[PDB]
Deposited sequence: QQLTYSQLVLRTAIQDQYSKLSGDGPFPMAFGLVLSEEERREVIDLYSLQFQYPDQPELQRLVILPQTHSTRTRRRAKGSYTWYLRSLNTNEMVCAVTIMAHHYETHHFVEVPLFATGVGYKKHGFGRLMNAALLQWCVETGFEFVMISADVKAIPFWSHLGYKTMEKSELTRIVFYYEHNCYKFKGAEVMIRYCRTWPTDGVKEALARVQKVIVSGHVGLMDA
């Protein structure tokens, strides 16, 4: 409950009507959660996707930053001010091991299956590369596996996990019955963000096309 969790998805029927059914471009911007207002906006997005983490647990996971510790980034639709996609990470430096885990990742109602997840994941990996991180590791509930696998993550090999098993079991966020999955940053293509952004129709990004730390 501190370092253990269980993925319980909401089941309420969500309207899938595309929020980008409109015409011209939809301007959007990335951001880091730096205010209480941004914190609530992302918690609210996550809330509509998860039954567990529940409200108190989202409030615990989605925090203002302290290179290190917890960060939550989002993509904002500028015409509506709505949250489109968001990700919460924990950045770890343990011995020679510099890596990131991803406790939460969600795309909002009306925005699913448009390529926003791929785009946000690309921006994260780009940011991992640009900061000093070696790999991104995912605790994946059986229901998340297909998603992460489509984003190019793979089952972490037993020997690589045992390299950090003690630290992981005491410090990382672990979904009940999850498979541990990973992508090494050295394999992330330099054009990965550009190619994802190309695959999101009708969107133009304003400001830095990726994630920042302040």
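Comparing the deposited sequence with the modelled residues shows gaps at 1, 68 to 76, with numbering starting at 1.
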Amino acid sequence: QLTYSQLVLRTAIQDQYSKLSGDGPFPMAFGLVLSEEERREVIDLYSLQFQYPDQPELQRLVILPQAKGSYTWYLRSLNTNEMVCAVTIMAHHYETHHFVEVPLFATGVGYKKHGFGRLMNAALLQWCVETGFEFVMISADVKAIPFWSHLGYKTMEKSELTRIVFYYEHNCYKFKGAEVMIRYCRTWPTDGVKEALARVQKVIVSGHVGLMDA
From here on, numbers count along this sequence of modelled residues.
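In this entry, 156 to 164 shows the higher mean Cα temperature factor of the pair 156 to 164 and 39 to 47.
Of the candidates 53, 31, 146, 189, the PDB record gives 189 the highest C-alpha temperature factor. Residues shown: 13, 9, 204, 20. Highest C-alpha temperature factor in the entry: 13. Among all modelled residues in its chain, residue 182 ranks in the middle third by Cα B-factor. In this PDB entry, residue 94 carries a Cα temperature factor that places it within the highest third of its chain's modelled residues. Annotation for residue 77: CA B-factor lies in the middle third of the chain's modelled residues. Per-chain ranking of the deposited C-alpha B factor places residue 131 in the highest third. Annotation for residue 58: C-alpha temperature factor in the lowest third relative to the rest of the modelled chain, per the entry.
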